file start-v7.pdb (PDB, C-alpha atoms)
ATOM      1  CA  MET A   1       4.350  15.795  11.409  1.00  0.00           C
ATOM      2  CA  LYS A   2       3.101  13.754   8.457  1.00  0.00           C
ATOM      3  CA  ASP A   3       4.010  12.644   4.945  1.00  0.00           C
ATOM      4  CA  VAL A   4       2.781  10.437   2.129  1.00  0.00           C
ATOM      5  CA  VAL A   5       4.424   7.495   0.425  1.00  0.00           C
ATOM      6  CA  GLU A   6       3.238   6.197  -2.934  1.00  0.00           C
ATOM      7  CA  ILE A   7       4.004   2.735  -4.220  1.00  0.00           C
ATOM      8  CA  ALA A   8       3.284   1.307  -7.632  1.00  0.00           C
ATOM      9  CA  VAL A   9       2.129  -2.324  -7.522  1.00  0.00           C
ATOM     10  CA  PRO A  10       1.080  -4.380 -10.585  1.00  0.00           C
ATOM     11  CA  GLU A  11      -2.571  -5.418 -10.751  1.00  0.00           C
ATOM     12  CA  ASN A  12      -1.745  -9.141 -10.777  1.00  0.00           C
ATOM     13  CA  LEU A  13       0.070  -8.762  -7.417  1.00  0.00           C
ATOM     14  CA  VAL A  14      -2.284  -6.387  -5.631  1.00  0.00           C
ATOM     15  CA  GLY A  15      -4.152  -9.269  -4.032  1.00  0.00           C
ATOM     16  CA  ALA A  16      -1.062  -9.971  -1.903  1.00  0.00           C
ATOM     17  CA  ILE A  17      -1.558  -6.630  -0.145  1.00  0.00           C
ATOM     18  CA  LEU A  18      -5.293  -6.679   0.577  1.00  0.00           C
ATOM     19  CA  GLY A  19      -5.436 -10.128   2.116  1.00  0.00           C
ATOM     20  CA  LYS A  20      -8.647 -11.832   3.243  1.00  0.00           C
ATOM     21  CA  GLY A  21     -10.866  -9.402   1.363  1.00  0.00           C
ATOM     22  CA  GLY A  22      -8.904  -6.533   2.884  1.00  0.00           C
ATOM     23  CA  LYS A  23      -7.940  -8.274   6.153  1.00  0.00           C
ATOM     24  CA  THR A  24      -4.196  -7.674   5.756  1.00  0.00           C
ATOM     25  CA  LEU A  25      -4.347  -4.126   4.402  1.00  0.00           C
ATOM     26  CA  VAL A  26      -6.630  -3.553   7.386  1.00  0.00           C
ATOM     27  CA  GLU A  27      -4.258  -5.144   9.908  1.00  0.00           C
ATOM     28  CA  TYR A  28      -1.256  -3.126   8.684  1.00  0.00           C
ATOM     29  CA  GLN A  29      -3.322  -0.002   9.129  1.00  0.00           C
ATOM     30  CA  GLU A  30      -4.255  -1.067  12.645  1.00  0.00           C
ATOM     31  CA  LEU A  31      -0.638  -1.765  13.621  1.00  0.00           C
ATOM     32  CA  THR A  32       1.305   0.946  11.800  1.00  0.00           C
ATOM     33  CA  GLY A  33      -1.497   3.402  12.451  1.00  0.00           C
ATOM     34  CA  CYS A  34      -1.401   4.535   8.814  1.00  0.00           C
ATOM     35  CA  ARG A  35      -4.259   5.104   6.453  1.00  0.00           C
ATOM     36  CA  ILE A  36      -3.348   2.814   3.590  1.00  0.00           C
ATOM     37  CA  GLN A  37      -5.281   3.124   0.349  1.00  0.00           C
ATOM     38  CA  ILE A  38      -5.071   1.918  -3.261  1.00  0.00           C
ATOM     39  CA  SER A  39      -6.103   3.455  -6.586  1.00  0.00           C
ATOM     40  CA  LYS A  40      -9.412   2.463  -8.175  1.00  0.00           C
ATOM     41  CA  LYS A  41      -9.338  -0.961  -9.862  1.00  0.00           C
ATOM     42  CA  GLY A  42      -8.956   0.573 -13.321  1.00  0.00           C
ATOM     43  CA  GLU A  43      -6.224   3.097 -12.477  1.00  0.00           C
ATOM     44  CA  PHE A  44      -2.595   2.348 -13.299  1.00  0.00           C
ATOM     45  CA  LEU A  45       0.410   4.638 -13.753  1.00  0.00           C
ATOM     46  CA  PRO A  46       0.661   6.264 -17.210  1.00  0.00           C
ATOM     47  CA  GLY A  47       2.703   3.777 -19.239  1.00  0.00           C
ATOM     48  CA  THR A  48       2.230   0.693 -17.031  1.00  0.00           C
ATOM     49  CA  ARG A  49      -0.299  -1.657 -15.447  1.00  0.00           C
ATOM     50  CA  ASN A  50       0.576  -0.845 -11.812  1.00  0.00           C
ATOM     51  CA  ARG A  51      -2.094   0.336  -9.372  1.00  0.00           C
ATOM     52  CA  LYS A  52      -1.037   2.999  -6.841  1.00  0.00           C
ATOM     53  CA  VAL A  53      -0.951   2.404  -3.102  1.00  0.00           C
ATOM     54  CA  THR A  54      -0.787   5.430  -0.854  1.00  0.00           C
ATOM     55  CA  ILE A  55       0.369   5.381   2.759  1.00  0.00           C
ATOM     56  CA  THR A  56       0.009   8.531   4.820  1.00  0.00           C
ATOM     57  CA  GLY A  57       1.017   9.147   8.403  1.00  0.00           C
ATOM     58  CA  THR A  58       4.096   9.779  10.528  1.00  0.00           C
ATOM     59  CA  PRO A  59       7.312   9.570   8.526  1.00  0.00           C
ATOM     60  CA  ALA A  60       8.251   6.685  10.790  1.00  0.00           C
ATOM     61  CA  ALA A  61       4.891   4.952  10.610  1.00  0.00           C
ATOM     62  CA  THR A  62       4.847   5.258   6.799  1.00  0.00           C
ATOM     63  CA  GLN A  63       8.348   3.754   6.769  1.00  0.00           C
ATOM     64  CA  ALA A  64       7.303   0.702   8.739  1.00  0.00           C
ATOM     65  CA  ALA A  65       3.958   0.252   6.907  1.00  0.00           C
ATOM     66  CA  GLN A  66       5.756   0.663   3.621  1.00  0.00           C
ATOM     67  CA  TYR A  67       8.072  -2.191   4.633  1.00  0.00           C
ATOM     68  CA  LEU A  68       5.210  -4.478   5.719  1.00  0.00           C
ATOM     69  CA  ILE A  69       3.295  -3.854   2.495  1.00  0.00           C
ATOM     70  CA  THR A  70       6.427  -4.503   0.398  1.00  0.00           C
ATOM     71  CA  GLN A  71       7.353  -7.628   2.362  1.00  0.00           C
ATOM     72  CA  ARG A  72       4.305  -9.436   0.895  1.00  0.00           C
ATOM     73  CA  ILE A  73       5.155  -8.612  -2.745  1.00  0.00           C
TER      74      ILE A  73
END

call {"tool": "encode", "arguments": {"input": "start-v7.pdb", "output": "structure tokens"}}
result
Amino acid sequence: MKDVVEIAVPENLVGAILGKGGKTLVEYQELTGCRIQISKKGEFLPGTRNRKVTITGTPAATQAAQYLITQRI
């Protein structure tokens, strides 16, 4: 089936995920086959400064993708 994984990543680190103007974030989607997305520039979690990245796909694909994304941070 399918699930969704949400990761909080501080604004000052977010660039490590996107890559060449999105290149990386795009590659990981291509490979893992997961739709990876991030909250609008100005949106952080309640009492923090962390944007929200959301990975959705197979439980297994979201596991891998998750890992790749996290590797960079």

call {"tool": "resolve_selection", "arguments": {"input": "start-v7.pdb", "expression": "the PyMOL selection byres ((chain A and resi 35) around 7)", "output": "JSON, numbers by chain"}}
result
{"A": [29, 33, 34, 36, 37, 55, 56, 57]}

call {"tool": "atom_distance", "arguments": {"input": "start-v7.pdb", "atom1": "atom CA of residue A:1", "atom2": "atom CA of residue A:50"}}
result
28.8 Å

call {"tool": "atom_distance", "arguments": {"input": "start-v7.pdb", "atom1": "atom CA of residue A:11", "atom2": "atom CA of residue A:25"}}
result
15.3 Å

call {"tool": "axis_aligned_box", "arguments": {"input": "start-v7.pdb", "around": "stretch 13-19 of chain A", "padding_each_side": "3 Å", "output": "lines of an AutoDock Vina configuration file"}}
result
center_x = -2.7
center_y = -8.3
center_z = -2.7
size_x = 11.5
size_y = 9.7
size_z = 15.5

call {"tool": "atom_distance", "arguments": {"input": "start-v7.pdb", "atom1": "atom CA of residue A:39", "atom2": "atom CA of residue A:10"}}
result
11.4 Å

call {"tool": "closest_residue", "arguments": {"input": "start-v7.pdb", "among": "A:68, A:61, A:53, A:38", "to": "residue A:24", "atoms": "all atoms listed in the file"}}
result
A:68

call {"tool": "resolve_selection", "arguments": {"input": "start-v7.pdb", "expression": "the PyMOL selection byres ((chain A and resi 8) around 9)", "output": "list in words"}}
result
residues 6, 7, 9, 10, 44, 45, 50, 51, 52, 53 and 54 of chain A

call {"tool": "closest_residue", "arguments": {"input": "start-v7.pdb", "among": "A:63, A:58, A:71, A:32", "to": "residue A:17", "atoms": "only C-alpha atoms"}}
result
A:71

call {"tool": "residues_around", "arguments": {"input": "start-v7.pdb", "residues": "residue A:19", "least_positions_apart": "5", "cutoff": "12 Å", "atoms": "only C-alpha atoms", "output": "count of residues only"}}
result
10

call {"tool": "closest_residue", "arguments": {"input": "start-v7.pdb", "among": "A:65, A:59, A:41, A:46", "to": "residue A:15", "atoms": "only C-alpha atoms"}}
result
A:41
